[PDB]
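Just one chain follows, in the form deposited in one PDB entry, and it is written as structure tokens.
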């Protein structure tokens, strides 16, 4: 919040480039700058001071001067007044509707929450659930509620097979007092990078969760990735809790650390760390860390027995989850 004005501005510019301009790199450029400045322990007094941080170049430096001077940015004021941009931005807030779909809907006159509702026939399954819970997915989840959700999931998973290990990751694992959703890493001895000794490993869990009415909907589902909706049970006479987004990722047991590193994030932190890995000659995904051969082709998985082993490989001092919130 120290530099909240500036970071909000950069985020708005990032989302604009992503949703309207469909310019992913400009999007990521603004995000990075926002991230670097959010972490900066001083109240920025000028663009120049900001340019000193990696990620802030000449352009963002100017915008920061304009912002610090007037408390606003013309580029944004104009964008806010543009109907197409505003429409596209709004629609992209529905889960399942990205930049393309949003622009197409607008081409059909479907630009508001009202238009989306009377045109359900024009939405795929995911987008349909996104609209249904449009308001709920906008609410944050207090950590207290994340703890109740954690307890349900672990206990339910345990009932299916005592050997399943479910680990809540994402911002929750990073210690956040509130999370946008719940992220669950799931492992089972029958599933290793070596073999899948038992089928329906993810299915059984999803099934058990739906049975106790925890999982309410399904956006998408595969052998290793589940993307849906869940809701805590409410007591007698009390207003029921909001529906929450939930992701469940089944990863080979023997590749847990690369998996938990990945799911703990943050997303930006992962991008920076993977980028750094490359510079050091490695490549990192959710399954392994491999060296980059002379020809650039990835080599064989390197042995890993902790998240720290991954950090060491790329010559980075270990960073506890709570400090990976970039």
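Positions refer to the first chain, counted from 1. Throughout, rigid core stands for the largest set of C-alpha atoms superposing within 1.5 Å between the two forms.
Another form, the form deposited in another entry, is not on view; read the next lines as being about it.
*Asks:* Comparing between this form and the one not shown on the rigid core, is the C-alpha shift at residue 106 2 Å or larger?
*Replies:* Moves: no, less than 2 Å.
*Asks:* Verify the C-alpha shift of residue 71 between this form and the one not shown: is it 2 Å or more after superposing the core?
*Replies:* Residue 71: C-alpha displaced by 2 Å or more between this form and the one not shown.
*Asks:* Taking the rigid core as reference, does the Cα of residue 314 move 2 Å or more between this form and the one not shown?
*Replies:* Yes.
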